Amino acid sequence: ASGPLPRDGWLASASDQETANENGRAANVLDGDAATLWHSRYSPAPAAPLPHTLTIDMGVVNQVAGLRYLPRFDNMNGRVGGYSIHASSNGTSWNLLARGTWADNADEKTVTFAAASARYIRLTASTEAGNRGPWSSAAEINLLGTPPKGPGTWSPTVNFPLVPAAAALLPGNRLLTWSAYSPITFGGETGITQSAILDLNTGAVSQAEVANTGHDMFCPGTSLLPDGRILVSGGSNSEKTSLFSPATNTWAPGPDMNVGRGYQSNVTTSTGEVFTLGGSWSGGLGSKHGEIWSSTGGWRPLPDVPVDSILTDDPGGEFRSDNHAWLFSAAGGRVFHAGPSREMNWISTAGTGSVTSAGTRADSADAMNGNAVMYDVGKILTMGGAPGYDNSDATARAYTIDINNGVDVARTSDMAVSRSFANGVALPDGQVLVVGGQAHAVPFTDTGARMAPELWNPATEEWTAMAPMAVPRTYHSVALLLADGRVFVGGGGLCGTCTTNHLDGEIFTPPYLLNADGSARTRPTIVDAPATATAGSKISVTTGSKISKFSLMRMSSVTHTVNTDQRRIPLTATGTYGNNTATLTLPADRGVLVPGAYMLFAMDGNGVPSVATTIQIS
């Protein structure tokens, strides 16, 4: 006997289904409701003949050892008699697991069989149990078995007092999160934000209402400053700027932007300024041209950085098309715009600024709510997204972009599953994790959630599926790297009386931290490293064993799929005279080594990261 597999993310499809005379849609077998059915198509006449099939794509490779069929309770029509059950891993080749005849009664029917690996299970209904008509119906279908064991492992869920739809890592193993004026909904311009800080050492959460900056910071641009503060601008109070200080856990008011905006992207530049572009979610539709903030001057317009060349072809128009730009600081101090629009751009922020076409992202379509992650110097991985923000099929496609000497784009391997609303996380070994999202982008839904993250390795350009998480993470979810090398994932929903809010998170331990058996792997240690350093300097780092590879991982803020802060700079060490002492040479180019808080990870020869130290780089 096996227990039911979780059904999060499953998608049902069928040979045929009724919609005209009743709601007989295939999806109805997955809703938990005994009163909603898949029904084979019978109208308009003529009715679709037997046999009929119902296919479930689980979105992951489970071990399947049985199937439970719950017939409708209201009449006998369409009870399945003769059945077959097939399994597939690739969706192309099918293996027969079971064949039989179910009795003509209302009992839930269970079929068991030897466990089989499968992503897809198909039920074929070959007869109607009482030969009453050419019909098949099913109220619910469950699949019995066990989820994959690894790679990687997930913590139990972590309680939050709000949906953490924005997050930022702080020094000292703490995570700042916030929602909006409410823990569970958004709306208006009421100048209040609910926040919650998770202490990753103890699990304690500290909740605070932030009213002193007159800013509801839902839907903002975010970035980390050189001095460690977090600058948040726009969103529900579209003109506002607020600054968080991790040393005192307080916010301070900043200066207003010139034009109000929301769902824009903000990026810290080589000079420690913050550039912003786009964002028609709030503050008015369109004309969300570039501006740049300095600590001494506040926000100033960039007259020669118009928004126009970043717009996608979103069917929703201006409200959506300037949202969530994939912006990166680049060598020499420009900003590179990698998407989501097909067209990419180089942006200068000096003087009045400039914009220059960088050509298209090869043959990519628009990829709104896709991810872009800087996993090495001048090296970006982009993946997922959909051409529309709303009601749009997502892609599995992924493209690399090398901006070291010009712009070189190449399609790389597809992910195993399409995603929109996922999050991308650079890991210190150079791999990039993608987590969450869903197959068909519809804000505030968990339908078609992608439950298994995938890890892309630049050395192979392949995606490997990770063990699945428990909670779906779609619109309004976040994920980011932690200083111990694990990954926080959380949020989703923020839709009030909706049923899809997730006031929680889960922590993923990636494969590089585990022994084969899932226990914690022994890791290298940093014994001594400087708390601060300046671009272009050499630093000396002491470890508990001989290490030659280190990774500087810039700390992150993230919301609405956007994380302009994270980036990996790998460095090779030169061994010196002491007890595992080594010298690292920091790049002088602050367009690459953007000033701010970094996690310094020692990487052993097995690819195992130390716990990072924090280094504030100027």
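Don't overthink the numbering: it's just position in the shown sequence, from 1.
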Quiz item: So which stretch wins on mean C-alpha B-factor, 96-104 or 505-513?
Solution: 96-104
Practice problem: Report the stretch with the higher mean CA temperature factor, choosing between 57-65 and 585-593 on the basis of the entry. | Solution: 57-65
Exercise. Using the entry's values, work out which of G385, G221, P71, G278 has the largest Cα B factor.
Key: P71
Self-check item: Top residue by Cα temperature factor, when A350, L176, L433, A398 are compared in the entry
Solution: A350
Quiz prompt | Where the record places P472 (Cα B-factor, split into thirds across the chain) | solution = lowest
Practice problem: Taking the values exactly as deposited, rank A12 by C-alpha B-factor within its chain and report the matching third: lowest, middle or highest. | Solution: middle
Exercise. Check where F336 lands among this chain's C-alpha B-factors and tell me if it's the lowest, middle or highest third.
Key: lowest
Quiz item: Based on the entry's values, in what third of the chain does the Cα temperature factor of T499 lie: lowest, middle or highest?
Solution: highest
Exercise. Give the position of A27 by CA B-factor within its chain, expressed as the lowest, middle or highest third.
Key: middle
